[PDB]
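Only one chain comes next, encoded as structure tokens, the form solved without the named molecule.
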């Protein structure tokens, strides 16, 4: 299913470890529960749900083959938030602050993926 790579190690120990500690990360720790949270249109609008708790567990369980998958899961998580919510909603401003840090760290990741 997956393997160890230098870029996946970077995603786990730099990207996720930094974002998890961020003051705005907590709305993204768990899948959106449309029943508990009273979001009757969430799954009508969002067909590919993703959250940072799922990403973190995938890294810990060596689910990913390439860091490109992990980066896309982050992109999906953020994009879903912008599609579902209004641009003035606090959760969207929080997502944007997290995504800027994500992209800062991505710019500094090892540029060649090497299996470890």
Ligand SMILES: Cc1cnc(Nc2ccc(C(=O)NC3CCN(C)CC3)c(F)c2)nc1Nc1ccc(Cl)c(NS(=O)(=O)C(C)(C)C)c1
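Residues that one form lacks are left out of the comparison. Numbering follows the first chain given and starts at 1. Throughout, rigid core stands for the largest set of C-alpha atoms superposing within 1.5 Å between the two forms.
One more form of this protein should be noted, the form solved in complex with the named molecule, which is absent from this view; the next part is about it.
Within 4.5 Å of the named molecule in the deposited complex, do we find a heavy atom from each of 18, 101 and 109? No, the whole trio is out of contact, none within 4.5 Å by any heavy atom.
At 4.5 Å between heavy atoms, is residue 71 in contact with the named molecule in the deposited complex? It does not: once the named molecule is placed as it appears in the deposited complex, residue 71 has no heavy atom within 4.5 Å of it.
Although the named molecule is absent from this view, report whether residue 85 comes within 4.5 Å of it in the deposited complex, heavy atoms only. So residue 85 counts as contacting the named molecule.
Using 4.5 Å between non-hydrogen atoms, is residue 32 touching the named molecule in the deposited complex? Heavy-atom contact with the named molecule at 4.5 Å: present for residue 32.
Considering non-hydrogen atoms and a 4.5 Å limit, does the named molecule approach residue 53 in the deposited complex? No, no contact at 4.5 Å.
I need the moving stretches between this form and the one not shown: superpose on the rigid core, then report runs of 3+ consecutive residues where each CA shifts by 2 Å or more, in sequence order. Residues 35-38 form the single run that moves by 2 Å or more between this form and the one not shown.
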